[PDB]
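Q: pasting the structure only:
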């Protein structure tokens, strides 16, 4: 299956951030801190929320995103985690891993163990007022249990929307190999908006990890 790299929906270092503090093609918000090699979406301070979203919408029948990130913090517990998004609108701040509680599209949530370790796929058609704590278990379309914190190498999520199936593959941070992925979850017959923004958001609470995204690479898939 053919992949075309879509620069207008992507970011990576080196020199990720412009001299003016912006990241080409994206908007950062909240407590997100662009730096040369990564964007620290939510730092290890109390009650943080941040995000990075594409400034334009993509209209890809099929697509794939490769997101490389780290979630780093003290102890065996941390919070909150991060979310990868494809939604009709350009997301704004809220209580769902730093983003708003309603959306039209899909979120893939990486929820840190704070005593569930989980990666969860959650759809929304614009009608659900989502509260992760209350609704995650019941509304998850699919999930897997992986611990993505404090790993030796960057964690890599590959989220593919191809032939109406949304698949989540994960490299859980034990190899530097940008292509060594294992299956996490898939959702068949997923309907998502024909056009939408890509995004990534994170948050902290009383417990707080540093949530860093090193790169977000978007590909348009063809057949």
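A: It's in. Numbers count the residues shown, from 1 in each chain.

Q: name the helix or strand for the most centrally placed residue in the chain, please.
A: For the chain, residue 84 is the residue whose C-alpha lies nearest the centre (CA atoms, centre = their mean; 2.1 Å). Using DSSP states H and E, residue 84 falls within strand 81-87.

Q: same question for residue 133.
A: Using DSSP H and E, the element containing residue 133 is helix 132-139.

Q: could you give the angle of that helix to strand 81-87?
A: 60 degrees (axes from the mean of the first three to the mean of the last three CA atoms, to 10 degrees).

Q: which elements pack onto helix 132-139?
A: strand 104-111, strand 118-125 (3 or more CB pairs under 8 Å, 6 or more residues apart in numbering; DSSP states H and E). (C-beta placed from N, C-alpha, C; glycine too.)

Q: JSON lines for these, including mean neighbour count and distance to residue 72?
A: Formatted as JSON lines, the helices and strands packed on helix 132-139 follow (neighbours: other CB atoms under 10 Å; distance: least, CB to CB, whole Å):
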{"stretch": "strand 104-111", "mean neighbour count": "23", "distance to residue 72": "13"}
{"stretch": "strand 118-125", "mean neighbour count": "21", "distance to residue 72": "17"}
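
Q: can you lay out these as a markdown table showing distance to residue 223?
A: Shown next, in a markdown table, are those (distance: least, CB to CB, whole Å):
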| stretch | distance to residue 223 |
| --- | --- |
| strand 104-111 | 21 |
| strand 118-125 | 23 |
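
Q: out of those strands, nearest to residue 95?
A: Proximity to residue 95, assessed across the helices and strands packed on helix 132-139 by CB to CB, is greatest for strand 104-111 (12.2 Å).

Q: what does that closest one contact?
A: For strand 104-111, contacts defined as CB atoms under 8 Å, 6 or more residues apart in numbering pick out 71, 80-89, 96-97, 99, 117-126, 132, 136, 148, 157, 159, 166, 168, 190, 192-193, 196.

Q: alright, that wraps it up for me.
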